[PDB]
$ cat model-v3.pdb   # PDB, C-alpha atoms and all ligand atoms
MODEL        1
ATOM      1  CA  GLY A   1    -117.484 -72.299 -70.057  1.00  0.00           C
ATOM      2  CA  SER A   2    -120.490 -74.320 -71.196  1.00  0.00           C
ATOM      3  CA  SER A   3    -121.655 -75.656 -74.561  1.00  0.00           C
ATOM      4  CA  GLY A   4    -125.172 -74.353 -74.005  1.00  0.00           C
ATOM      5  CA  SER A   5    -128.432 -74.626 -72.078  1.00  0.00           C
ATOM      6  CA  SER A   6    -128.390 -77.632 -69.749  1.00  0.00           C
ATOM      7  CA  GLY A   7    -132.111 -77.883 -69.065  1.00  0.00           C
ATOM      8  CA  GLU A   8    -133.200 -81.011 -67.209  1.00  0.00           C
ATOM      9  CA  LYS A   9    -136.687 -82.252 -66.327  1.00  0.00           C
ATOM     10  CA  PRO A  10    -138.096 -78.738 -66.898  1.00  0.00           C
ATOM     11  CA  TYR A  11    -141.602 -80.209 -66.945  1.00  0.00           C
ATOM     12  CA  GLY A  12    -143.528 -81.568 -63.976  1.00  0.00           C
ATOM     13  CA  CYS A  13    -146.936 -82.628 -62.678  1.00  0.00           C
ATOM     14  CA  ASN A  14    -148.567 -80.575 -59.923  1.00  0.00           C
ATOM     15  CA  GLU A  15    -151.682 -82.750 -59.738  1.00  0.00           C
ATOM     16  CA  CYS A  16    -149.684 -85.513 -58.052  1.00  0.00           C
ATOM     17  CA  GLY A  17    -146.129 -84.193 -58.016  1.00  0.00           C
ATOM     18  CA  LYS A  18    -144.237 -86.144 -60.668  1.00  0.00           C
ATOM     19  CA  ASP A  19    -141.308 -85.093 -62.856  1.00  0.00           C
ATOM     20  CA  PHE A  20    -140.631 -85.982 -66.492  1.00  0.00           C
ATOM     21  CA  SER A  21    -137.688 -85.261 -68.792  1.00  0.00           C
ATOM     22  CA  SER A  22    -140.072 -84.440 -71.640  1.00  0.00           C
ATOM     23  CA  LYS A  23    -143.353 -82.633 -72.303  1.00  0.00           C
ATOM     24  CA  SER A  24    -144.740 -85.806 -73.877  1.00  0.00           C
ATOM     25  CA  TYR A  25    -144.125 -88.188 -70.977  1.00  0.00           C
ATOM     26  CA  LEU A  26    -145.958 -85.629 -68.843  1.00  0.00           C
ATOM     27  CA  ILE A  27    -148.950 -84.929 -71.082  1.00  0.00           C
ATOM     28  CA  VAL A  28    -149.412 -88.696 -71.322  1.00  0.00           C
ATOM     29  CA  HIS A  29    -149.291 -89.052 -67.537  1.00  0.00           C
ATOM     30  CA  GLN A  30    -151.549 -86.123 -66.651  1.00  0.00           C
ATOM     31  CA  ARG A  31    -154.137 -88.236 -68.469  1.00  0.00           C
ATOM     32  CA  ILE A  32    -154.309 -90.709 -65.585  1.00  0.00           C
ATOM     33  CA  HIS A  33    -155.933 -87.780 -63.781  1.00  0.00           C
ATOM     34  CA  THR A  34    -158.478 -86.245 -66.156  1.00  0.00           C
ATOM     35  CA  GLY A  35    -161.500 -88.306 -67.153  1.00  0.00           C
ATOM     36  CA  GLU A  36    -163.436 -87.965 -63.905  1.00  0.00           C
ATOM     37  CA  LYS A  37    -167.010 -87.069 -64.848  1.00  0.00           C
ATOM     38  CA  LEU A  38    -169.452 -85.893 -62.179  1.00  0.00           C
ATOM     39  CA  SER A  39    -172.283 -88.250 -63.125  1.00  0.00           C
ATOM     40  CA  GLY A  40    -171.979 -90.950 -60.480  1.00  0.00           C
ATOM     41  CA  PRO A  41    -173.769 -92.963 -57.771  1.00  0.00           C
ATOM     42  CA  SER A  42    -172.034 -90.840 -55.136  1.00  0.00           C
ATOM     43  CA  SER A  43    -173.275 -87.476 -56.409  1.00  0.00           C
ATOM     44  CA  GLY A  44    -173.081 -86.081 -52.888  1.00  0.00           C
TER      45      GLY A  44
HETATM   46 ZN    ZN P   1    -149.693 -86.418 -61.955  1.00  0.00          ZN
ENDMDL
END
$ encode --input "model-v3.pdb" --output "structure tokens"
Amino acid sequence: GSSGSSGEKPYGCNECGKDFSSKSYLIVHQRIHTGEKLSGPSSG
């Protein structure tokens, strides 16, 4: 006996290992990662 699907925090971040209760909260977070261009003073 159950009303219906009881999904909870189905989304997560593998990059770091976080968990969000919404696809948005995640997509917004994952951002903190991306944005790392190669062009830099420490090429090697
Ligand atoms: Zn992350």
$ residues_around --input "model-v3.pdb" --residues "residue 33 in chain A" --least-positions-apart "3" --cutoff "9 Å" --atoms "all atoms listed in the file" --output "list in words"
residues 15, 16, 29, 30 and 36 of chain A
$ residues_near_point --input "model-v3.pdb" --point "(-142.8, -83.1, -66.8)" --cutoff "6 Å" --atoms "all atoms listed in the file" --output "PyMOL selection string"
chain A and resi 11-13+19-23+26
$ atom_distance --input "model-v3.pdb" --atom1 "CA of residue 31 in chain A" --atom2 "CA of residue 5 in chain A"
29.3 Å
$ atom_distance --input "model-v3.pdb" --atom1 "CA of residue 7 in chain A" --atom2 "CA of residue 27 in chain A"
18.4 Å
$ atom_distance --input "model-v3.pdb" --atom1 "CA of residue 14 in chain A" --atom2 "CA of residue 35 in chain A"
16.7 Å
$ axis_aligned_box --input "model-v3.pdb" --around "range 23-32 of chain A" --padding-each-side "6 Å" --output "lines of an AutoDock Vina configuration file"
center_x = -148.8
center_y = -86.7
center_z = -69.7
size_x = 23.0
size_y = 20.1
size_z = 20.3
$ decode --input "model-v3.pdb" --residues "range 8-42 of chain A" --atoms "N, CA and C atoms" --output "PDB file, in the first residue's frame"
ATOM      1  N   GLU A   8      13.523  10.028  -3.994  1.00  0.00           N
ATOM      2  CA  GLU A   8      14.166  10.986  -3.103  1.00  0.00           C
ATOM      3  C   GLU A   8      15.633  11.179  -3.480  1.00  0.00           C
ATOM      4  N   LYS A   9      16.018  12.428  -3.712  1.00  0.00           N
ATOM      5  CA  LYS A   9      17.392  12.751  -4.079  1.00  0.00           C
ATOM      6  C   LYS A   9      17.911  11.787  -5.142  1.00  0.00           C
ATOM      7  N   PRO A  10      17.146  11.644  -6.236  1.00  0.00           N
ATOM      8  CA  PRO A  10      17.510  10.758  -7.345  1.00  0.00           C
ATOM      9  C   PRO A  10      18.709  11.276  -8.132  1.00  0.00           C
ATOM     10  N   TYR A  11      19.007  12.561  -7.969  1.00  0.00           N
ATOM     11  CA  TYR A  11      20.129  13.178  -8.666  1.00  0.00           C
ATOM     12  C   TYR A  11      21.335  13.318  -7.742  1.00  0.00           C
ATOM     13  N   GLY A  12      22.527  13.313  -8.331  1.00  0.00           N
ATOM     14  CA  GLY A  12      23.741  13.439  -7.546  1.00  0.00           C
ATOM     15  C   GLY A  12      24.916  13.929  -8.372  1.00  0.00           C
ATOM     16  N   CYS A  13      25.986  14.332  -7.695  1.00  0.00           N
ATOM     17  CA  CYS A  13      27.179  14.825  -8.371  1.00  0.00           C
ATOM     18  C   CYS A  13      28.352  13.871  -8.172  1.00  0.00           C
ATOM     19  N   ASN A  14      28.857  13.323  -9.272  1.00  0.00           N
ATOM     20  CA  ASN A  14      29.980  12.394  -9.218  1.00  0.00           C
ATOM     21  C   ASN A  14      31.304  13.146  -9.119  1.00  0.00           C
ATOM     22  N   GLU A  15      31.371  14.303  -9.772  1.00  0.00           N
ATOM     23  CA  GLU A  15      32.581  15.117  -9.756  1.00  0.00           C
ATOM     24  C   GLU A  15      33.154  15.214  -8.345  1.00  0.00           C
ATOM     25  N   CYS A  16      32.312  15.614  -7.398  1.00  0.00           N
ATOM     26  CA  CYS A  16      32.732  15.750  -6.009  1.00  0.00           C
ATOM     27  C   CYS A  16      32.092  14.671  -5.138  1.00  0.00           C
ATOM     28  N   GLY A  17      30.800  14.441  -5.346  1.00  0.00           N
ATOM     29  CA  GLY A  17      30.092  13.437  -4.573  1.00  0.00           C
ATOM     30  C   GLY A  17      28.987  14.032  -3.723  1.00  0.00           C
ATOM     31  N   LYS A  18      28.260  14.991  -4.287  1.00  0.00           N
ATOM     32  CA  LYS A  18      27.168  15.643  -3.573  1.00  0.00           C
ATOM     33  C   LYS A  18      25.824  15.041  -3.967  1.00  0.00           C
ATOM     34  N   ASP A  19      24.783  15.386  -3.218  1.00  0.00           N
ATOM     35  CA  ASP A  19      23.442  14.880  -3.491  1.00  0.00           C
ATOM     36  C   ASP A  19      22.406  15.991  -3.357  1.00  0.00           C
ATOM     37  N   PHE A  20      21.573  16.143  -4.382  1.00  0.00           N
ATOM     38  CA  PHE A  20      20.537  17.170  -4.379  1.00  0.00           C
ATOM     39  C   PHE A  20      19.157  16.550  -4.578  1.00  0.00           C
ATOM     40  N   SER A  21      18.137  17.205  -4.035  1.00  0.00           N
ATOM     41  CA  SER A  21      16.767  16.718  -4.147  1.00  0.00           C
ATOM     42  C   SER A  21      16.072  17.326  -5.362  1.00  0.00           C
ATOM     43  N   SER A  22      16.866  17.736  -6.346  1.00  0.00           N
ATOM     44  CA  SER A  22      16.329  18.338  -7.561  1.00  0.00           C
ATOM     45  C   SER A  22      17.406  18.447  -8.636  1.00  0.00           C
ATOM     46  N   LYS A  23      16.994  18.316  -9.892  1.00  0.00           N
ATOM     47  CA  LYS A  23      17.921  18.400 -11.015  1.00  0.00           C
ATOM     48  C   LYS A  23      18.526  19.795 -11.117  1.00  0.00           C
ATOM     49  N   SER A  24      17.752  20.802 -10.724  1.00  0.00           N
ATOM     50  CA  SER A  24      18.212  22.184 -10.774  1.00  0.00           C
ATOM     51  C   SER A  24      19.374  22.406  -9.811  1.00  0.00           C
ATOM     52  N   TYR A  25      19.111  22.213  -8.523  1.00  0.00           N
ATOM     53  CA  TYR A  25      20.133  22.394  -7.499  1.00  0.00           C
ATOM     54  C   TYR A  25      21.459  21.779  -7.937  1.00  0.00           C
ATOM     55  N   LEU A  26      21.379  20.637  -8.611  1.00  0.00           N
ATOM     56  CA  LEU A  26      22.572  19.946  -9.088  1.00  0.00           C
ATOM     57  C   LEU A  26      23.224  20.714 -10.233  1.00  0.00           C
ATOM     58  N   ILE A  27      22.496  20.855 -11.335  1.00  0.00           N
ATOM     59  CA  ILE A  27      23.003  21.571 -12.499  1.00  0.00           C
ATOM     60  C   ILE A  27      23.697  22.865 -12.089  1.00  0.00           C
ATOM     61  N   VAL A  28      23.099  23.575 -11.136  1.00  0.00           N
ATOM     62  CA  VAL A  28      23.661  24.830 -10.652  1.00  0.00           C
ATOM     63  C   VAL A  28      24.988  24.598  -9.937  1.00  0.00           C
ATOM     64  N   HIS A  29      25.065  23.507  -9.183  1.00  0.00           N
ATOM     65  CA  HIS A  29      26.278  23.168  -8.448  1.00  0.00           C
ATOM     66  C   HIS A  29      27.390  22.739  -9.401  1.00  0.00           C
ATOM     67  N   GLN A  30      27.113  21.713 -10.199  1.00  0.00           N
ATOM     68  CA  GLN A  30      28.090  21.205 -11.155  1.00  0.00           C
ATOM     69  C   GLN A  30      28.878  22.347 -11.788  1.00  0.00           C
ATOM     70  N   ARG A  31      28.266  23.526 -11.836  1.00  0.00           N
ATOM     71  CA  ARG A  31      28.910  24.698 -12.417  1.00  0.00           C
ATOM     72  C   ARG A  31      30.226  25.003 -11.708  1.00  0.00           C
ATOM     73  N   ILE A  32      30.194  24.989 -10.380  1.00  0.00           N
ATOM     74  CA  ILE A  32      31.383  25.264  -9.585  1.00  0.00           C
ATOM     75  C   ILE A  32      32.591  24.504 -10.121  1.00  0.00           C
ATOM     76  N   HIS A  33      32.328  23.430 -10.858  1.00  0.00           N
ATOM     77  CA  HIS A  33      33.394  22.617 -11.433  1.00  0.00           C
ATOM     78  C   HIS A  33      33.840  23.178 -12.780  1.00  0.00           C
ATOM     79  N   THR A  34      32.998  23.005 -13.795  1.00  0.00           N
ATOM     80  CA  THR A  34      33.306  23.492 -15.134  1.00  0.00           C
ATOM     81  C   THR A  34      33.884  24.902 -15.087  1.00  0.00           C
ATOM     82  N   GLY A  35      34.420  25.355 -16.216  1.00  0.00           N
ATOM     83  CA  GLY A  35      34.999  26.685 -16.281  1.00  0.00           C
ATOM     84  C   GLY A  35      36.481  26.688 -15.971  1.00  0.00           C
ATOM     85  N   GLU A  36      37.154  25.587 -16.294  1.00  0.00           N
ATOM     86  CA  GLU A  36      38.586  25.467 -16.043  1.00  0.00           C
ATOM     87  C   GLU A  36      39.359  25.341 -17.353  1.00  0.00           C
ATOM     88  N   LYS A  37      39.581  26.472 -18.013  1.00  0.00           N
ATOM     89  CA  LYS A  37      40.308  26.491 -19.277  1.00  0.00           C
ATOM     90  C   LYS A  37      41.737  25.990 -19.090  1.00  0.00           C
ATOM     91  N   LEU A  38      42.364  25.582 -20.187  1.00  0.00           N
ATOM     92  CA  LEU A  38      43.733  25.082 -20.145  1.00  0.00           C
ATOM     93  C   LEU A  38      44.732  26.233 -20.100  1.00  0.00           C
ATOM     94  N   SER A  39      44.489  27.253 -20.917  1.00  0.00           N
ATOM     95  CA  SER A  39      45.368  28.416 -20.971  1.00  0.00           C
ATOM     96  C   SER A  39      45.703  28.910 -19.567  1.00  0.00           C
ATOM     97  N   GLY A  40      46.943  28.685 -19.147  1.00  0.00           N
ATOM     98  CA  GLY A  40      47.369  29.113 -17.828  1.00  0.00           C
ATOM     99  C   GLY A  40      48.878  29.180 -17.699  1.00  0.00           C
ATOM    100  N   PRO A  41      49.356  29.826 -16.625  1.00  0.00           N
ATOM    101  CA  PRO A  41      50.791  29.975 -16.363  1.00  0.00           C
ATOM    102  C   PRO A  41      51.452  28.653 -15.986  1.00  0.00           C
ATOM    103  N   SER A  42      50.635  27.674 -15.612  1.00  0.00           N
ATOM    104  CA  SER A  42      51.140  26.363 -15.223  1.00  0.00           C
ATOM    105  C   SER A  42      50.803  25.314 -16.278  1.00  0.00           C
TER     106      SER A  42
END
